[PDB]
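Participant: The following block contains the structure, expressed as structure tokens.
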């Protein structure tokens, strides 16, 4: 299906080039794996050009509302 089958972003945990993740509170379709992990959590990576690894599409975290 076109739903998020991948977890939220885990740097270092495990990946293949096809490894998808999610970031910016939106989904990341990662097509390169080594370059995907370069995307640090402070990095404003567009994915498309700067990373050349992910496509930022839309949110799929399911849980509603946020708090800190």
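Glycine also receives a Cβ, built like all others from the backbone with ideal geometry; neighbour counts cover every protein chain displayed. Readers should treat all values here as calculations from the given coordinates under stated rules, not as data from a laboratory.
Participant: Please report the spacing between the Cα centers of the range 1-17 and the range 24-58 in Å, no decimals.
Facilitator: Cα centres, the range 1-17 to the range 24-58: 11 Å.
Participant: Show me the ranking of peptides 18-26, 36-44 by mean Cβ neighbours inside 10 Å, starting with the highest.
Facilitator: Ranked by mean Cβ neighbours within 10 Å, highest first: 18-26, 36-44.
Participant: What order do you get for 27, 55 when you list them from fewest to most C-beta neighbours inside 10 Å?
Facilitator: Fewest-to-most Cβ neighbours within 10 Å comes out as 55, 27.
Participant: Sticking with this structure for a sec: Over the chain, what number does the Rg to Rh ratio reach, with both radii from the alpha-carbon atoms and Rh per Kirkwood?
Facilitator: Rg/Rh for the chain comes to 0.96.
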